[PDB]
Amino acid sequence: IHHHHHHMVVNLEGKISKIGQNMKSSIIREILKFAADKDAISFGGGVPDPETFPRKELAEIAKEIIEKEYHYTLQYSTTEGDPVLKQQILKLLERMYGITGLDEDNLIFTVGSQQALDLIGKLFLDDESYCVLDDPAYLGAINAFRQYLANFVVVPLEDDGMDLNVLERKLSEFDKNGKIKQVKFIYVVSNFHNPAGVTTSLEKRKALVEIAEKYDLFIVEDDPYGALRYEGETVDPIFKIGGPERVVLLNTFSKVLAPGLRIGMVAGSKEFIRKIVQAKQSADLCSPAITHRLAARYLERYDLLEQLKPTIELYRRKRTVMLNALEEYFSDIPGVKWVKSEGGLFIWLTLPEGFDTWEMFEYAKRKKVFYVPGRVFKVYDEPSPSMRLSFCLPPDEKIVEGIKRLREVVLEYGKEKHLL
């Protein structure tokens, strides 16, 4: 009534920065909205099983540290992070990976490894910069980086890691056009990739360090899942191979302790870490001291690597159930393939050419079986015949039943499209 206000809205939308205009929302929650319905079976999870968390122990420690250590735990803390937790982290890295030679100034804690990704983006990426990552890649990293108007150099991922031939070709092109200064870093997930379940070979790890050196790049090694190994041996981290001069290591408590703590660990050069401290201080002053000290006391009192063993046994069992069900129900469709993940939370399944797992998702919802369509993990959002599956949450019998439902989905959709 000449009061079409919304105009106030267009004025606000008018005030939004370029970063603001280039922000993306994850659609995962929307599409998994009904995934917990009674007769639904969901493989769309990206999370650990909460039934595995040491809740009684964390609860007792939480009370104790608030009551007795409140001068630390309820008060503002340093941006640099809890030095008691730092001691425990330095110990874990040495016990887990044989990483040695670091001190407290090589580390900082973030609000998840997500904040680390966001702050690395903020400090290093702009509309004139490039970052190198996989196809497929972790969604959090794509969204954290793309908001800063970054350009991407996308390299296809193979069963043993990134295709280093493609990587070298692309980098060579940048060099020949005198644009290699615009390329900043390579983002990798070296153990049990999200979404691909792939583990980067030692030889490709070493080769990545060499390529980074040649083109004066650093490497951001995101490693949420390394402790969750079901077979084989732990591979040296890229961080151990290149050192903090060349590599930033991101670990998290999300997958091995509790997402709710929101604790990411960043290890790097003292110069790099000083810059993350500056960025984090303007971003949130500090992390909640409550979370840091809780984790720190837990780790002092319980050996995480030991306490993980029954959780590893459980996830291994479930991984094997899914891989067996895949072999039983997906072995007669030519062109189907999947990564036989040796750790972590995911199996990445790829259907034959022509299959579009986004288009197919309607048939899946109709059968109440859920996965993450592969397009979600593509920087440029093109159609995908792949999907991410997680075996972590459903009970064994539902893993088998869910995989049978997916077969039915594939057959229905495949036949409607004259692919089968």
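Numbers for residues come from their place in the sequence shown, where the first is 1.
Engineer: Look over 48-56 and 24-32 in the entry and identify the one with the greater average Cα temperature factor.
Structural biologist: Of 24-32 and 48-56, the stretch with the higher C-alpha B-factor average is 24-32.
Engineer: Sorting the chain's modelled residues by C-alpha B-factor, tell me whether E271 ends up in the lowest, middle or highest third.
Structural biologist: Lowest third.
Engineer: What third of the chain, by the recorded C-alpha B-factor, contains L93?
Structural biologist: Within its chain, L93 is a highest-third residue by C-alpha B-factor, going by the deposited values.
Engineer: Sort the modelled residues of this chain by their C-alpha B factor and say whether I99 lands in the lowest, middle or highest third.
Structural biologist: Highest third.
Engineer: What third of the chain, by the recorded C-alpha B-factor, contains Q75?
Structural biologist: It belongs to the lowest third of the chain when residues are ordered by C-alpha B-factor.
Engineer: Using only modelled residues of the chain, where does the Cα B factor of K38 rank: lowest third, middle third or highest third?
Structural biologist: According to the entry, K38 has a C-alpha B-factor in the chain's highest third.
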